[PDB]
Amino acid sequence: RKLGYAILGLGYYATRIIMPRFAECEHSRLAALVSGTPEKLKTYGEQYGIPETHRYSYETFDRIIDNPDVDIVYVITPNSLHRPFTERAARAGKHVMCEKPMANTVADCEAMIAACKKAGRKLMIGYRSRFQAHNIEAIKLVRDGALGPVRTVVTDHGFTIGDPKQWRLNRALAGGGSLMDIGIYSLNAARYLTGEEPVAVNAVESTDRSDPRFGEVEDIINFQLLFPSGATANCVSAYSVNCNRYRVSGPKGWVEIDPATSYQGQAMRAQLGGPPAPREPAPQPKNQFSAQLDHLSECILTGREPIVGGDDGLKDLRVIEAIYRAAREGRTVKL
């Protein structure tokens, strides 16, 4: 049994990364395309064998309610559009995969969750790293007690963003700067490595407003998290440096991945009672993208809840709001 995906928003991630990876799925198939660019519907419709009956504009998208080949809509648009397309998908009776960050605000996340609940449909956020072999290995090491209690998580995510005109640098479409786009990986990792939710947050922002990229959103916003167990995290979020890594440490040792949450190329090193050494993770059945797609499908087929549901996305936005507030107010924000 394969559930049918409609891919909505035929941009870079949709077309270069996600759509080719239906090849390795076991419970998912590409069934429909939704785009605001007619030429893309032609181009990708022809490449992927999607008939014209299964091609939608944003104007005709609500008609997808009458298409039984579509079980799931995967929303891969700028951040500010996640909420309205998720709600429309839910009202069309479809389950929803929504890219990160879930939405611009806590309230918007709550609205999305309510819409999917009202529709009796599932909602999953695209945290692909939870399906990635090295990340799974790190999480398991922590849970097995190989490090002892988690004491520190040090995680850096950033890239040198380019074109100042792109939607990521536009507040109305992005909802925020580096934290919304790439820093969220540092936050999400601190949460899944500790398995906890933070109770206190510090942050410092640094943005050169004379830079043509940064008239509207932030460049650097680094943050600290404290967790109930006493675990701590130091996190970097940046649009002016390249980094992608984390190290989690406890009294018995530590494990790190660098790059950690990239599309490929993960490398893990660990220090666990002996010397620091490369560590190969247990093999996964398929790549993180196909695994992410199949997870939602399998949840629907078995009546289970996604491991990264709307609530996970909401929990991130809750902390993101606190990070922005901590930097704005120059004080520790309690959660």
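One-based numbering along the sequence shown.
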Next item on the list: For the higher mean C-alpha B factor in the entry, choose 90-98 or 138-146.
Entry: 138-146
Next item on the list: Pick between 124-132 and 159-167: the one whose mean CA B-factor in the entry is higher.
Entry: 159-167
Next item on the list: For the C-alpha B-factor as written in the entry, point me to the maximum among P259, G176, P251, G183.
Entry: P251
Next item on the list: Please place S210 in the lowest, middle or highest third of its chain by C-alpha B factor as given in the entry.
Entry: highest
Checklist line | CA B-factor placement of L335, once the chain's modelled residues are sorted into thirds | finding: highest
Note to self: What third of the chain does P228 rank in for C-alpha temperature factor, lowest, middle or highest?
What the structure shows: highest
Checklist line | CA B-factor ranking of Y192, expressed as a third of its chain | finding: middle
Note to self: When the deposited Cα B-factors of this chain's modelled residues are ordered and cut into thirds, is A32 in the lowest, the middle or the highest one?
What the structure shows: middle
